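Residue numbers (the entry's author numbering): 22 to 142.
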């Protein structure tokens, strides 16, 4: 139907905007601490601690399959990256501190993304 095509076009345009948001958030992680999944070979207990692991590569795979239907879903995955790290790692660590800085800098980006999503529809 044409209505289905129009819905598909809207999902495609959201995907474009989320790809630009993702790029901008990932630039706030210049150490690449959050680029890839925590390796269970290197951290064999991880899934005892963290029940829903997340990282920027995993988000990019979901995005490219148009698997984010709205900005809330995207933000949920970004918050998992941060919140997982801040639980597993202590305050005194470069990992925790990178997560704080990514959260603080990412908030700015997400605040304007929300306005664009609402504005454009």
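Note that the Cβ used here is the ideal one computed from N, Cα and C, for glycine as well.
Residue i, buried or exposed, once every other Cβ within 10 Å from all chains shown has been counted against 16
i, result
"residue 61", "exposed"
"residue 119", "buried"
"residue 98", "buried"
"residue 68", "exposed"
"residue 52", "exposed"
Supposed contact pair residue j and residue i - C-beta distance, whole angstroms, cut 8 Å
i, j, result
"residue 95", "residue 39", "5 Å"
"residue 127", "residue 49", "6 Å"
"residue 70", "residue 108", "7 Å"
Same chain only: Cβ atoms within 6 Å of residue i, ignoring 5 sequence neighbours per side
i, result
"residue 121", "none"
"residue 41", "none"
"residue 88", "none"
Contacts around residue i, its chain only, beta-carbon distance under 7 Å, and the 5 residues preceding and following it disregarded
i, result
"residue 79", "58"
Practice item. Run through the region 43-124 for me and flag every whole alpha helix (DSSP H) of 4 or more residues, listed as ranges in chain order. Key: 67-70, 77-85 and 92-109
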